Structure formats: C-alpha cells, structure tokens
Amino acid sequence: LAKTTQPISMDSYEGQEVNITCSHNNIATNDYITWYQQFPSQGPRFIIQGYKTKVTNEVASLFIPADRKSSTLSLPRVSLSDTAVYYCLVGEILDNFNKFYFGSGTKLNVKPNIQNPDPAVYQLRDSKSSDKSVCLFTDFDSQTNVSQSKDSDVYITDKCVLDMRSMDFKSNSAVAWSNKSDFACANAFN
C-alpha cells in the first residue's frame, strides 16, 4: 500500500456538495484509489474506486489529478445520514489485494439548514411523578453552540437533530438535568 493523508474531520450543511481530499504522493503504478464510508454503529462499506480517470456512481464522484499524488471524493447534495467516517485507501487490488490500512479517515458532520429557527427552553416533568424534571433547549439554528457542563452535578447533552419527515421539519435540541430540585431551566444552557 501507499500511505494516505486526509483531514481528521470536516463540517458541512445538508444540500451542499462535500469535497474530501486525500494525499498519497508515493502511489505506485499498480495502485488503485479506494474509498470506504462508515455510518454510525456500522462497519465500513465500499463506495468507489479509481485508477487515473474520473469515476462517478450513485454515491460519489472521484477526481484524480494527472500526477495521481492526491484525489478528491465529491459527495453530492449531502443528507444528514451522510454523517460518517470516510476512508481513503491506496494499494493493489483484486487477486493482488494484500491489506488495507484504514487509519482514522475523515469524520464528516452534516448539519441541517433550519428553515424557521424558533429557539426556546422548555421544562418537562416526569410522567411518574413531577418530583423530577428535565430542561429542553430546542428549535435553535445549527450554528448555535451548546456547551458541556462545567459542573459535575449538572448534565448537558450534545445537540441532537430529529426529523419529522412527513412534515418536512427538522429540529436541533439539547437536554439538561440535575440531581437537584433548585436547578433552573432558565440558566441551564446559559
């Protein structure tokens, strides 16, 4: 194989073209360029392979410059579900396959473009008894940062995107709670 170098991570918005560049300057004559895609909680899957000429299929395009010392994976109009690790592999193939070195690849994040941001913090009571509650920060735009809790007794989750698909509606949220009653949802994400 030839050693590949690619960015550790990348950010994007739903609907855009995503381009991931891989560097492989010691590529040899009988090497091919292969990319795999790994969705959360799954193993990687093969998505595209090339030699010297542009390749396009249902999942991606692969551009290969004349010197073959780098290549670019182009993902079309990305969806939230394209949040995944993308691996660039360079080496011999078919009957002459030896091994892959996956490394860490490129972690791609895909954010929703929120149509009508409507940020709000809500308080929710336990169905079993309103002894416990949680705070919900929801409907904010995707550039809004949600900070981790600096306090050991307060829990604040990362943001999560849900998709009400029949309504063509997506929304961001984060949840916060504490093992104390005095906890105010008002300052929780503040």
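Numbering starts at 1 and runs along the sequence shown.
S.K.: For the stretches 181 to 189 and 1 to 9, which has the higher mean C-alpha B-factor as given in the deposited record?
M.R.: Comparing averages over the C-alpha atoms only gives 181 to 189.
S.K.: Hey, which bit's got the bigger mean C-alpha B factor in the entry, 167 to 175 or 19 to 27?
M.R.: Result of the comparison: 167 to 175.
S.K.: Just grab whichever of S61, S127, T157, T144 has the top CA B-factor as deposited.
M.R.: It is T144.
S.K.: Checking the entry, which one of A120, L94, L108, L73 has the top C-alpha B factor?
M.R.: Highest C-alpha B-factor among the listed residues goes to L94.
S.K.: Comparing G50 with the other modelled residues of its chain, is its CA B-factor in the lowest, middle or highest third?
M.R.: It falls in the bottom third of the chain.
S.K.: Quick check for you: using the entry's CA B-factors within this chain, is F102 in the lowest, middle or highest third?
M.R.: Ranked within chain, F102 CA B lands in the middle tercile.
S.K.: Using the B-factors in the PDB entry, rank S41's C-alpha atom against the chain and give the third, lowest, middle or highest.
M.R.: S41: CA B-factor falls in the highest third of its chain.
S.K.: Divide the modelled residues of the chain into thirds by Cα B-factor and specify which third, lowest, middle or highest, holds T56.
M.R.: For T56, whose C-alpha B-factor we compare with every modelled residue in the chain, the answer is the lowest third.
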